[PDB]
Amino acid sequence: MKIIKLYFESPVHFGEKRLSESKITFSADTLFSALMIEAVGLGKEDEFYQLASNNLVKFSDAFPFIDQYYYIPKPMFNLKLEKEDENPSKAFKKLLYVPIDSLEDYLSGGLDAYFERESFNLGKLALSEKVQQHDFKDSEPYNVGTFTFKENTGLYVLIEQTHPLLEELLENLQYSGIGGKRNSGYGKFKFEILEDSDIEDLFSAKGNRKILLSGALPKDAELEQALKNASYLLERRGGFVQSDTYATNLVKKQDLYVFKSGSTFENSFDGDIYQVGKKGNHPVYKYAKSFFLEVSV
RNA sequence: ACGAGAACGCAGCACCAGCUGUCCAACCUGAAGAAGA
């Protein structure tokens, strides 16, 4: 709809649980936390939170794009029911991201499992080796897991019905970085809003299968109906609260288990902005709203 | 309210020690300060 294309000119560190590892993408709660921190910095966190909770701004999580090829995580479809020939989900196991336009080819088979993998070539991971220099003690080494994007490669976020506030926070987020060691030399990108009409065709279409495009958690009143002919994967979201005015000490937020952003559902749900920090001075939010791409299955 | 915050891959270390740019080889060979009539 309004694809936020991210062009990174520095290696990124998106940690899953450890500083020594990096993942190639970042989630929607990570982007929401970054934008909320920017809004706190410029003093309208409440306006941004109301925009996000009232669905004025709702965004997927970051996906790879490689030379105007927008990719989507391989959806967890209840297919492979073709029980005669081929290799459904056999060679479709090392394939992590499928092109968003080639999704109909993947649905009915014919997508080349091998060719879709060497075609998918975005940068490469690295380990940065560092120390804390101590003038008289022994210097303690530590290392940071990083990912470097390629020349015509980056990440993109699906935003529908963009907002002036979202564009203003995205401009400020350029000069603060995104990811782990952004105050060191790791969070650095340029962004475009780049309205697209090919992608709008996919998201204006209806279907019997809803591909979840962001880490989402249905509310308790709808989790039961969401779990009906669903093919999902449950992911833990947590970590330490990143703020200056919370608890006067480093404290981990509550662990939130959400549906991973490749899950497919037949019943649509709209998640929630969950408060995973309640004992501190300010609320801590975990964006778990549902972004859906509908297909025919 | 970004599995995140803070953290120099940093400190000491001579590209250095020994070793003739040396050995062999005639500036040499031949030539009337001399003759008209």
# chains A, B, ... in the order shown; residues from 1 in each chain; ligands from 1
$ closest_atom_pairs --of "chain A" --to "chain B" --cutoff "7 Å" --atoms "only C-alpha atoms (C1' of nucleotides)" --output "CSV"
residue,atom,partner,partner_atom,distance
A:15,CA,B:3,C1',5.8
A:16,CA,B:3,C1',5.8
A:17,CA,B:3,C1',4.6
A:18,CA,B:3,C1',6.3
A:30,CA,B:2,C1',4.8
A:31,CA,B:2,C1',6.6
A:33,CA,B:2,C1',5.2
A:34,CA,B:2,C1',4.7
A:36,CA,B:1,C1',6.1
A:37,CA,B:1,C1',5.1
A:129,CA,B:9,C1',6.4
A:130,CA,B:9,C1',5.0
A:131,CA,B:9,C1',5.4
A:132,CA,B:7,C1',4.2
A:133,CA,B:10,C1',5.9
A:139,CA,B:10,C1',6.9
A:178,CA,B:2,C1',6.4
A:179,CA,B:2,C1',5.9
A:180,CA,B:4,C1',6.6
A:238,CA,B:3,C1',6.8
A:239,CA,B:3,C1',4.4
A:240,CA,B:4,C1',5.3
A:241,CA,B:4,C1',6.7
A:242,CA,B:4,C1',5.7
A:243,CA,B:1,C1',5.6
A:284,CA,B:1,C1',5.6
$ write_last_selection --atoms "N, CA and C atoms" --output "mmCIF file, in the first residue's frame"
data_model
loop_
_atom_site.group_PDB
_atom_site.id
_atom_site.type_symbol
_atom_site.label_atom_id
_atom_site.label_comp_id
_atom_site.auth_asym_id
_atom_site.auth_seq_id
_atom_site.Cartn_x
_atom_site.Cartn_y
_atom_site.Cartn_z
ATOM 1 N N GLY A 15 18.766 -8.489 17.415
ATOM 2 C CA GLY A 15 18.972 -9.637 18.273
ATOM 3 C C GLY A 15 17.675 -10.382 18.536
ATOM 4 N N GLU A 16 17.776 -11.708 18.567
ATOM 5 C CA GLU A 16 16.664 -12.551 18.989
ATOM 6 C C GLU A 16 16.677 -12.726 20.504
ATOM 7 N N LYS A 17 17.790 -13.220 21.040
ATOM 8 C CA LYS A 17 17.991 -13.280 22.480
ATOM 9 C C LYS A 17 19.391 -12.886 22.917
ATOM 10 N N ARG A 18 20.368 -12.823 22.013
ATOM 11 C CA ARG A 18 21.766 -12.666 22.383
ATOM 12 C C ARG A 18 22.415 -11.606 21.507
ATOM 13 N N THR A 30 9.267 -4.338 17.393
ATOM 14 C CA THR A 30 10.524 -3.595 17.424
ATOM 15 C C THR A 30 10.363 -2.221 16.785
ATOM 16 N N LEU A 31 9.730 -2.171 15.610
ATOM 17 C CA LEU A 31 9.493 -0.893 14.948
ATOM 18 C C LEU A 31 8.563 -0.009 15.766
ATOM 19 N N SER A 33 8.184 -0.049 19.044
ATOM 20 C CA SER A 33 8.945 0.441 20.186
ATOM 21 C C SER A 33 9.885 1.566 19.777
ATOM 22 N N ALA A 34 10.532 1.431 18.618
ATOM 23 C CA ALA A 34 11.415 2.485 18.129
ATOM 24 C C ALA A 34 10.647 3.777 17.870
ATOM 25 N N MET A 36 7.727 4.614 19.171
ATOM 26 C CA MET A 36 7.218 5.120 20.438
ATOM 27 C C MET A 36 8.308 5.834 21.222
ATOM 28 N N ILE A 37 9.540 5.331 21.160
ATOM 29 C CA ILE A 37 10.651 6.016 21.809
ATOM 30 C C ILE A 37 10.921 7.354 21.130
ATOM 31 N N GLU A 129 34.077 -8.180 16.753
ATOM 32 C CA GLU A 129 34.803 -8.526 17.966
ATOM 33 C C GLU A 129 35.294 -7.246 18.627
ATOM 34 N N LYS A 130 34.904 -7.044 19.882
ATOM 35 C CA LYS A 130 35.159 -5.806 20.598
ATOM 36 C C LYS A 130 35.697 -6.120 21.987
ATOM 37 N N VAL A 131 36.113 -5.068 22.697
ATOM 38 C CA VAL A 131 36.488 -5.172 24.099
ATOM 39 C C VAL A 131 35.973 -3.958 24.849
ATOM 40 N N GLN A 132 35.887 -4.112 26.162
ATOM 41 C CA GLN A 132 35.826 -2.988 27.081
ATOM 42 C C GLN A 132 37.238 -2.779 27.610
ATOM 43 N N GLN A 133 37.906 -1.742 27.120
ATOM 44 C CA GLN A 133 39.271 -1.485 27.549
ATOM 45 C C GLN A 133 39.283 -1.023 28.997
ATOM 46 N N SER A 139 41.411 -6.278 29.930
ATOM 47 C CA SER A 139 40.324 -5.896 29.039
ATOM 48 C C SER A 139 39.409 -7.083 28.778
ATOM 49 N N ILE A 178 17.980 1.807 14.241
ATOM 50 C CA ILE A 178 17.091 0.723 14.630
ATOM 51 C C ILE A 178 17.939 -0.520 14.843
ATOM 52 N N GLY A 179 17.566 -1.319 15.826
ATOM 53 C CA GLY A 179 18.291 -2.529 16.138
ATOM 54 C C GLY A 179 19.048 -2.415 17.448
ATOM 55 N N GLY A 180 19.961 -3.361 17.643
ATOM 56 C CA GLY A 180 20.626 -3.483 18.919
ATOM 57 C C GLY A 180 21.620 -2.394 19.251
ATOM 58 N N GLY A 238 10.088 -10.590 24.275
ATOM 59 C CA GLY A 238 10.418 -10.030 25.567
ATOM 60 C C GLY A 238 11.688 -9.211 25.545
ATOM 61 N N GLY A 239 12.491 -9.336 26.585
ATOM 62 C CA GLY A 239 13.729 -8.602 26.702
ATOM 63 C C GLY A 239 13.641 -7.531 27.772
ATOM 64 N N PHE A 240 14.688 -6.717 27.830
ATOM 65 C CA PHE A 240 14.751 -5.651 28.814
ATOM 66 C C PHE A 240 14.029 -4.410 28.310
ATOM 67 N N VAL A 241 13.422 -3.682 29.245
ATOM 68 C CA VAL A 241 12.804 -2.404 28.920
ATOM 69 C C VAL A 241 13.896 -1.392 28.604
ATOM 70 N N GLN A 242 13.791 -0.748 27.445
ATOM 71 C CA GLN A 242 14.757 0.266 27.030
ATOM 72 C C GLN A 242 14.143 1.637 27.288
ATOM 73 N N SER A 243 14.424 2.187 28.465
ATOM 74 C CA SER A 243 14.011 3.546 28.781
ATOM 75 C C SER A 243 14.878 4.073 29.912
ATOM 76 N N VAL A 284 4.828 0.045 29.265
ATOM 77 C CA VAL A 284 5.646 -0.539 28.209
ATOM 78 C C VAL A 284 4.723 -1.369 27.334
#
$ select_by_dssp --residues "region 110-258 of chain A" --states "strand (DSSP E or B)" --output "number ranges by chain"
A: 124-132, 140-148, 153-157, 159-160, 189-192, 209-212, 216, 231, 234-237, 240, 252, 256-258
$ closest_residue --among "A:28, A:256, A:91, A:223" --to "residue 289 (chain A)" --atoms "only C-alpha atoms"
A:28
$ closest_residue --among "A:112, A:235, A:29, A:201" --to "residue 58 (chain A)" --atoms "only C-alpha atoms"
A:29
$ closest_residue --among "A:151, A:220, A:266, A:196" --to "residue 9 (chain A)" --atoms "only C-alpha atoms"
A:151
$ select_by_dssp --residues "region 10-207 of chain A" --states "helix (DSSP H, G or I)" --output "ChimeraX atom specification"
/A:28-42,45-53,103-107,115-119,164-174,198-203
$ residues_around --residues "region 74-77 of chain A" --least-positions-apart "6" --cutoff "6 Å" --atoms "only C-alpha atoms (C1' of nucleotides)" --output "ChimeraX atom specification"
/A:96-98,231,262-264
$ closest_residue --among "A:10, A:248, A:290, A:296" --to "residue 53 (chain A)" --atoms "only C-alpha atoms"
A:290
$ atom_distance --atom1 "CA of residue 265 (chain A)" --atom2 "CA of residue 292 (chain A)"
9.1 Å
$ residues_around --residues "residue 217 (chain A)" --least-positions-apart "2" --cutoff "7 Å" --atoms "only C-alpha atoms (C1' of nucleotides)" --output "list in words"
residues 219, 258, 259, 271, 272, 288 and 289 of chain A
$ atom_distance --atom1 "CA of residue 165 (chain A)" --atom2 "CA of residue 149 (chain A)"
27.7 Å
$ atom_distance --atom1 "CA of residue 134 (chain A)" --atom2 "CA of residue 250 (chain A)"
23.2 Å
$ closest_residue --among "A:64, A:207, A:283, A:177" --to "residue 104 (chain A)" --atoms "only C-alpha atoms"
A:207
$ decode --residues "region 14-37 of chain B" --atoms "N, CA and C atoms (P, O5', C5', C4', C3', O3' and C1' of nucleotides)" --output "PDB file, in the first residue's frame"
ATOM      1  P     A B  14      62.196  -4.416  20.850  1.00  0.00           P
ATOM      2  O5'   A B  14      62.322  -4.021  19.310  1.00  0.00           O
ATOM      3  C5'   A B  14      61.354  -3.188  18.681  1.00  0.00           C
ATOM      4  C4'   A B  14      61.946  -2.350  17.577  1.00  0.00           C
ATOM      5  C3'   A B  14      62.305  -3.103  16.304  1.00  0.00           C
ATOM      6  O3'   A B  14      62.054  -2.273  15.173  1.00  0.00           O
ATOM      7  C1'   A B  14      64.256  -2.112  17.226  1.00  0.00           C
ATOM      8  P     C B  15      60.724  -2.494  14.303  1.00  0.00           P
ATOM      9  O5'   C B  15      61.252  -2.670  12.815  1.00  0.00           O
ATOM     10  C5'   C B  15      61.098  -3.904  12.126  1.00  0.00           C
ATOM     11  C4'   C B  15      62.403  -4.644  12.064  1.00  0.00           C
ATOM     12  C3'   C B  15      63.410  -4.124  11.027  1.00  0.00           C
ATOM     13  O3'   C B  15      64.714  -4.145  11.600  1.00  0.00           O
ATOM     14  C1'   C B  15      63.139  -6.426  10.792  1.00  0.00           C
ATOM     15  P     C B  16      65.903  -3.251  10.988  1.00  0.00           P
ATOM     16  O5'   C B  16      67.187  -3.762  11.772  1.00  0.00           O
ATOM     17  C5'   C B  16      67.308  -3.555  13.169  1.00  0.00           C
ATOM     18  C4'   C B  16      67.668  -4.823  13.900  1.00  0.00           C
ATOM     19  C3'   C B  16      68.966  -5.495  13.499  1.00  0.00           C
ATOM     20  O3'   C B  16      70.117  -4.859  14.023  1.00  0.00           O
ATOM     21  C1'   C B  16      67.278  -7.124  13.728  1.00  0.00           C
ATOM     22  P     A B  17      71.542  -5.100  13.330  1.00  0.00           P
ATOM     23  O5'   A B  17      71.980  -6.537  13.845  1.00  0.00           O
ATOM     24  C5'   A B  17      72.363  -6.756  15.192  1.00  0.00           C
ATOM     25  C4'   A B  17      73.000  -8.110  15.333  1.00  0.00           C
ATOM     26  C3'   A B  17      74.107  -8.399  14.332  1.00  0.00           C
ATOM     27  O3'   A B  17      75.360  -7.895  14.758  1.00  0.00           O
ATOM     28  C1'   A B  17      72.572 -10.188  14.334  1.00  0.00           C
ATOM     29  P     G B  18      76.372  -7.239  13.703  1.00  0.00           P
ATOM     30  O5'   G B  18      77.072  -8.492  13.023  1.00  0.00           O
ATOM     31  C5'   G B  18      77.789  -9.437  13.801  1.00  0.00           C
ATOM     32  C4'   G B  18      78.301 -10.559  12.941  1.00  0.00           C
ATOM     33  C3'   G B  18      78.848 -10.144  11.589  1.00  0.00           C
ATOM     34  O3'   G B  18      80.185  -9.688  11.674  1.00  0.00           O
ATOM     35  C1'   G B  18      77.410 -12.012  11.338  1.00  0.00           C
ATOM     36  P     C B  19      80.679  -8.449  10.787  1.00  0.00           P
ATOM     37  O5'   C B  19      80.961  -9.101   9.371  1.00  0.00           O
ATOM     38  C5'   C B  19      81.682 -10.320   9.281  1.00  0.00           C
ATOM     39  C4'   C B  19      81.550 -10.935   7.918  1.00  0.00           C
ATOM     40  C3'   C B  19      81.973 -10.022   6.767  1.00  0.00           C
ATOM     41  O3'   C B  19      82.742 -10.742   5.810  1.00  0.00           O
ATOM     42  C1'   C B  19      79.753 -10.787   6.428  1.00  0.00           C
ATOM     43  P     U B  20      84.211 -10.219   5.425  1.00  0.00           P
ATOM     44  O5'   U B  20      84.018  -8.657   5.193  1.00  0.00           O
ATOM     45  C5'   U B  20      83.665  -8.151   3.911  1.00  0.00           C
ATOM     46  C4'   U B  20      84.198  -6.758   3.689  1.00  0.00           C
ATOM     47  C3'   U B  20      84.070  -6.238   2.262  1.00  0.00           C
ATOM     48  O3'   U B  20      83.824  -4.831   2.262  1.00  0.00           O
ATOM     49  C1'   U B  20      86.366  -6.367   2.869  1.00  0.00           C
ATOM     50  P     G B  21      82.317  -4.274   2.190  1.00  0.00           P
ATOM     51  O5'   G B  21      81.816  -4.650   0.729  1.00  0.00           O
ATOM     52  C5'   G B  21      82.070  -3.800  -0.385  1.00  0.00           C
ATOM     53  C4'   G B  21      82.982  -4.485  -1.364  1.00  0.00           C
ATOM     54  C3'   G B  21      84.013  -3.597  -2.075  1.00  0.00           C
ATOM     55  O3'   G B  21      85.273  -4.252  -2.040  1.00  0.00           O
ATOM     56  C1'   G B  21      82.934  -4.986  -3.615  1.00  0.00           C
ATOM     57  P     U B  22      86.630  -3.407  -1.941  1.00  0.00           P
ATOM     58  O5'   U B  22      87.710  -4.504  -1.555  1.00  0.00           O
ATOM     59  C5'   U B  22      88.402  -5.200  -2.573  1.00  0.00           C
ATOM     60  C4'   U B  22      88.271  -6.691  -2.428  1.00  0.00           C
ATOM     61  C3'   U B  22      89.119  -7.487  -3.399  1.00  0.00           C
ATOM     62  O3'   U B  22      90.462  -7.604  -2.972  1.00  0.00           O
ATOM     63  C1'   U B  22      86.921  -8.327  -3.435  1.00  0.00           C
ATOM     64  P     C B  23      91.653  -7.230  -3.977  1.00  0.00           P
ATOM     65  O5'   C B  23      91.942  -8.599  -4.719  1.00  0.00           O
ATOM     66  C5'   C B  23      92.035  -9.810  -3.990  1.00  0.00           C
ATOM     67  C4'   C B  23      92.058 -10.988  -4.921  1.00  0.00           C
ATOM     68  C3'   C B  23      92.875 -10.795  -6.183  1.00  0.00           C
ATOM     69  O3'   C B  23      94.260 -10.983  -5.973  1.00  0.00           O
ATOM     70  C1'   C B  23      90.779 -11.707  -6.745  1.00  0.00           C
ATOM     71  P     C B  24      95.306  -9.914  -6.550  1.00  0.00           P
ATOM     72  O5'   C B  24      95.655 -10.477  -7.995  1.00  0.00           O
ATOM     73  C5'   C B  24      96.009 -11.839  -8.168  1.00  0.00           C
ATOM     74  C4'   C B  24      95.861 -12.269  -9.603  1.00  0.00           C
ATOM     75  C3'   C B  24      96.384 -11.294 -10.639  1.00  0.00           C
ATOM     76  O3'   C B  24      97.791 -11.347 -10.785  1.00  0.00           O
ATOM     77  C1'   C B  24      94.251 -12.066 -11.292  1.00  0.00           C
ATOM     78  P     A B  25      98.645  -9.989 -10.846  1.00  0.00           P
ATOM     79  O5'   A B  25      98.443  -9.486 -12.339  1.00  0.00           O
ATOM     80  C5'   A B  25      98.641 -10.371 -13.434  1.00  0.00           C
ATOM     81  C4'   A B  25      98.324  -9.710 -14.748  1.00  0.00           C
ATOM     82  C3'   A B  25      99.026  -8.370 -14.984  1.00  0.00           C
ATOM     83  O3'   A B  25      99.373  -8.243 -16.360  1.00  0.00           O
ATOM     84  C1'   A B  25      96.691  -8.078 -15.123  1.00  0.00           C
ATOM     85  P     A B  26     100.918  -8.199 -16.792  1.00  0.00           P
ATOM     86  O5'   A B  26     101.460  -6.848 -16.149  1.00  0.00           O
ATOM     87  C5'   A B  26     101.128  -5.587 -16.713  1.00  0.00           C
ATOM     88  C4'   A B  26     101.971  -4.475 -16.138  1.00  0.00           C
ATOM     89  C3'   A B  26     101.724  -3.100 -16.749  1.00  0.00           C
ATOM     90  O3'   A B  26     101.915  -2.092 -15.759  1.00  0.00           O
ATOM     91  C1'   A B  26     103.967  -3.733 -17.122  1.00  0.00           C
ATOM     92  P     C B  27     100.751  -1.029 -15.459  1.00  0.00           P
ATOM     93  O5'   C B  27     101.238   0.296 -16.194  1.00  0.00           O
ATOM     94  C5'   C B  27     100.399   0.962 -17.132  1.00  0.00           C
ATOM     95  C4'   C B  27     100.925   0.800 -18.532  1.00  0.00           C
ATOM     96  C3'   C B  27     102.063   1.749 -18.938  1.00  0.00           C
ATOM     97  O3'   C B  27     102.991   1.029 -19.743  1.00  0.00           O
ATOM     98  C1'   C B  27     100.342   1.858 -20.513  1.00  0.00           C
ATOM     99  P     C B  28     104.482   1.575 -19.984  1.00  0.00           P
ATOM    100  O5'   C B  28     105.063   0.560 -21.058  1.00  0.00           O
ATOM    101  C5'   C B  28     105.030  -0.835 -20.809  1.00  0.00           C
ATOM    102  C4'   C B  28     104.510  -1.612 -21.993  1.00  0.00           C
ATOM    103  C3'   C B  28     105.162  -1.326 -23.332  1.00  0.00           C
ATOM    104  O3'   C B  28     106.438  -1.920 -23.477  1.00  0.00           O
ATOM    105  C1'   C B  28     102.824  -1.469 -23.609  1.00  0.00           C
ATOM    106  P     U B  29     107.505  -1.274 -24.487  1.00  0.00           P
ATOM    107  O5'   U B  29     106.985  -1.710 -25.926  1.00  0.00           O
ATOM    108  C5'   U B  29     106.817  -3.079 -26.261  1.00  0.00           C
ATOM    109  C4'   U B  29     106.392  -3.238 -27.697  1.00  0.00           C
ATOM    110  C3'   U B  29     107.224  -2.476 -28.713  1.00  0.00           C
ATOM    111  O3'   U B  29     108.422  -3.148 -29.049  1.00  0.00           O
ATOM    112  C1'   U B  29     104.928  -2.143 -29.163  1.00  0.00           C
ATOM    113  P     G B  30     109.802  -2.335 -29.134  1.00  0.00           P
ATOM    114  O5'   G B  30     109.766  -1.678 -30.582  1.00  0.00           O
ATOM    115  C5'   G B  30     109.765  -2.487 -31.747  1.00  0.00           C
ATOM    116  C4'   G B  30     109.820  -1.644 -32.994  1.00  0.00           C
ATOM    117  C3'   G B  30     110.478  -0.285 -32.840  1.00  0.00           C
ATOM    118  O3'   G B  30     111.901  -0.314 -32.747  1.00  0.00           O
ATOM    119  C1'   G B  30     108.448  -0.028 -34.003  1.00  0.00           C
ATOM    120  P     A B  31     112.858  -0.669 -33.991  1.00  0.00           P
ATOM    121  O5'   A B  31     112.853   0.659 -34.865  1.00  0.00           O
ATOM    122  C5'   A B  31     113.103   1.927 -34.272  1.00  0.00           C
ATOM    123  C4'   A B  31     112.614   3.051 -35.150  1.00  0.00           C
ATOM    124  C3'   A B  31     113.355   4.372 -34.976  1.00  0.00           C
ATOM    125  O3'   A B  31     113.422   5.040 -36.234  1.00  0.00           O
ATOM    126  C1'   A B  31     111.067   4.691 -34.501  1.00  0.00           C
ATOM    127  P     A B  32     114.728   4.884 -37.153  1.00  0.00           P
ATOM    128  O5'   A B  32     115.910   5.403 -36.221  1.00  0.00           O
ATOM    129  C5'   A B  32     116.039   6.788 -35.919  1.00  0.00           C
ATOM    130  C4'   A B  32     117.254   7.065 -35.073  1.00  0.00           C
ATOM    131  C3'   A B  32     117.697   8.525 -35.048  1.00  0.00           C
ATOM    132  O3'   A B  32     118.316   8.813 -33.795  1.00  0.00           O
ATOM    133  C1'   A B  32     119.396   7.200 -36.022  1.00  0.00           C
ATOM    134  P     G B  33     117.483   9.535 -32.625  1.00  0.00           P
ATOM    135  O5'   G B  33     117.521  11.078 -33.020  1.00  0.00           O
ATOM    136  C5'   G B  33     118.590  11.918 -32.596  1.00  0.00           C
ATOM    137  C4'   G B  33     119.040  12.856 -33.691  1.00  0.00           C
ATOM    138  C3'   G B  33     119.966  13.972 -33.240  1.00  0.00           C
ATOM    139  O3'   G B  33     120.812  14.341 -34.328  1.00  0.00           O
ATOM    140  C1'   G B  33     117.905  14.898 -33.983  1.00  0.00           C
ATOM    141  P     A B  34     121.829  13.271 -34.972  1.00  0.00           P
ATOM    142  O5'   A B  34     121.045  12.707 -36.240  1.00  0.00           O
ATOM    143  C5'   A B  34     121.691  12.544 -37.496  1.00  0.00           C
ATOM    144  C4'   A B  34     120.685  12.451 -38.616  1.00  0.00           C
ATOM    145  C3'   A B  34     120.989  13.283 -39.855  1.00  0.00           C
ATOM    146  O3'   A B  34     121.853  12.620 -40.760  1.00  0.00           O
ATOM    147  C1'   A B  34     118.750  13.651 -39.179  1.00  0.00           C
ATOM    148  P     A B  35     123.362  13.122 -40.973  1.00  0.00           P
ATOM    149  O5'   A B  35     123.674  12.766 -42.492  1.00  0.00           O
ATOM    150  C5'   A B  35     123.521  13.737 -43.514  1.00  0.00           C
ATOM    151  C4'   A B  35     122.203  13.586 -44.228  1.00  0.00           C
ATOM    152  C3'   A B  35     121.955  14.554 -45.373  1.00  0.00           C
ATOM    153  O3'   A B  35     122.577  14.155 -46.578  1.00  0.00           O
ATOM    154  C1'   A B  35     120.068  14.521 -43.969  1.00  0.00           C
ATOM    155  P     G B  36     123.669  15.103 -47.275  1.00  0.00           P
ATOM    156  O5'   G B  36     123.307  15.022 -48.823  1.00  0.00           O
ATOM    157  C5'   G B  36     123.780  16.003 -49.738  1.00  0.00           C
ATOM    158  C4'   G B  36     122.672  16.506 -50.629  1.00  0.00           C
ATOM    159  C3'   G B  36     123.131  17.287 -51.858  1.00  0.00           C
ATOM    160  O3'   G B  36     122.271  16.991 -52.965  1.00  0.00           O
ATOM    161  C1'   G B  36     121.729  18.651 -50.533  1.00  0.00           C
ATOM    162  P     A B  37     122.668  17.379 -54.481  1.00  0.00           P
ATOM    163  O5'   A B  37     123.874  16.409 -54.895  1.00  0.00           O
ATOM    164  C5'   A B  37     125.157  16.435 -54.272  1.00  0.00           C
ATOM    165  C4'   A B  37     125.922  17.706 -54.550  1.00  0.00           C
ATOM    166  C3'   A B  37     127.434  17.605 -54.406  1.00  0.00           C
ATOM    167  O3'   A B  37     128.066  17.087 -55.564  1.00  0.00           O
ATOM    168  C1'   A B  37     126.660  19.495 -53.219  1.00  0.00           C
TER     169        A B  37
END
